[PDB]
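Okay, here we've got a single chain as structure tokens, the form deposited in one PDB entry, with questions on binding and movement later.
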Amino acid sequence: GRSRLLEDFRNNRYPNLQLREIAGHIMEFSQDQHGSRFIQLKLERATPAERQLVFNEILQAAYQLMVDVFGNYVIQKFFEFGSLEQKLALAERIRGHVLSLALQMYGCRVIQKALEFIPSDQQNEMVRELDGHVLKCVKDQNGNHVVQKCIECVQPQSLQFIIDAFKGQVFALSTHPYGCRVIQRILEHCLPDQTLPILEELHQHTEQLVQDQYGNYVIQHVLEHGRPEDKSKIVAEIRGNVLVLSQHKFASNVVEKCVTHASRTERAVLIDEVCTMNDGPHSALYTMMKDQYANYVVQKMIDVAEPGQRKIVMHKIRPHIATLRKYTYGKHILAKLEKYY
């Protein structure tokens, strides 16, 4: 099965083996773990002629290397360190196979690398091959990384068909484990005509989303990178629910990003909400202090409060200082206190 040169290579009998010595043997070495490593090592620092000898033998059977557990790294190197003509010729071997490669455990790493290094002409052809399988790729554990890469690498206008597919389905995909990744990328790289409709669906489902295992991340993303108009829509959704959302394992993270990224006014209003409104005998603030998640909100509020409003939080906390000690999460508030005493 393995050629003598390969076995003898494996068997450690050529510590001085050079690329030129494995002529006629690239495909075999490429599909072998040590051989493949050998080839990669030698490539990052090989003369264009050496790199060309190696290419000549992988071009025809390229696809086979792209879907190989060991060969995919060799292809990838040519996409990184190869030549403009070499990258274009592999781009051709890929044509008509973008879909099946992007759903492939190993192939999809090659599609990702190709998208980073080819011209927009070839990018746009690759993308177009996904026309009609947007949700299939987004839900696939291989495919979704290709869709994220497209979004990061290709002109936003070539991605309009991905948008068309997310339309009406944004809530579904934001609570999905891969889809929430793609939604975020669209928010970062897509055009106003594109992020607009998506932002609308997001605002429509903020209540559910902030509480969702994956959805909260999309809401936090908007808070950290979005337009003030969008940040405020979200903040308004937290208003009046600060206490409850803070005690939630997922929503409490979004509450923090609210306190942190909200306008001066909106921040003061949120902090005041739990200073003022009561939760039974003592205020919302006190209940939050004792809670496994809420105590993190308290501390972050202490962090970003204007010096004047920090005074008010401190005064509300102060009467309980001695009793906080007796609570698992209150203790941690005492910690943040020292910083400011």
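Each residue number is its position in the shown sequence, starting from 1.
Enquirer: Going by the mean C-alpha B-factor recorded in the entry, which is higher: 75-83 or 194-202?
Expert: Stretch with the greater average CA B-factor: 75-83.
Enquirer: Between 300-308 and 57-65, name whichever shows the higher mean Cα B factor according to the PDB entry.
Expert: On average, C-alpha B-factors are higher across 300-308.
Enquirer: Ordered by C-alpha B-factor within the chain, which third holds residue 112? Give me lowest, middle or highest, please.
Expert: Its C-alpha B-factor belongs to the lowest third of this chain's values.
Enquirer: Can you work out whether the C-alpha temperature factor of residue 23 puts it in the lowest, middle or highest third of the chain?
Expert: Tercile = lowest for this residue's CA B-factor.
Enquirer: Going by what the PDB entry lists, where does residue 155 fall on CA B-factor within its chain: lowest, middle or highest third?
Expert: According to the entry, residue 155 has a C-alpha B-factor in the chain's highest third.
Enquirer: Considering every modelled residue of the chain and its Cα B-factor in the PDB entry, is residue 104 in the lowest, middle or highest third?
Expert: CA B-factor rank for residue 104: middle third.
Enquirer: In terms of the chain's CA B-factor thirds, is residue 227 lowest, middle or highest?
Expert: Highest third - that is where residue 227 ends up once the chain's C-alpha B-factors are sorted.
There is also a form deposited in another entry; it is not shown, and the following applies to it.
Enquirer: Among 309, 207, 226, 122, pinpoint the one at the hinge where one rigid part of the chain turns on another between this form and the one not shown.
Expert: Selected hinge residue from the list: 207.
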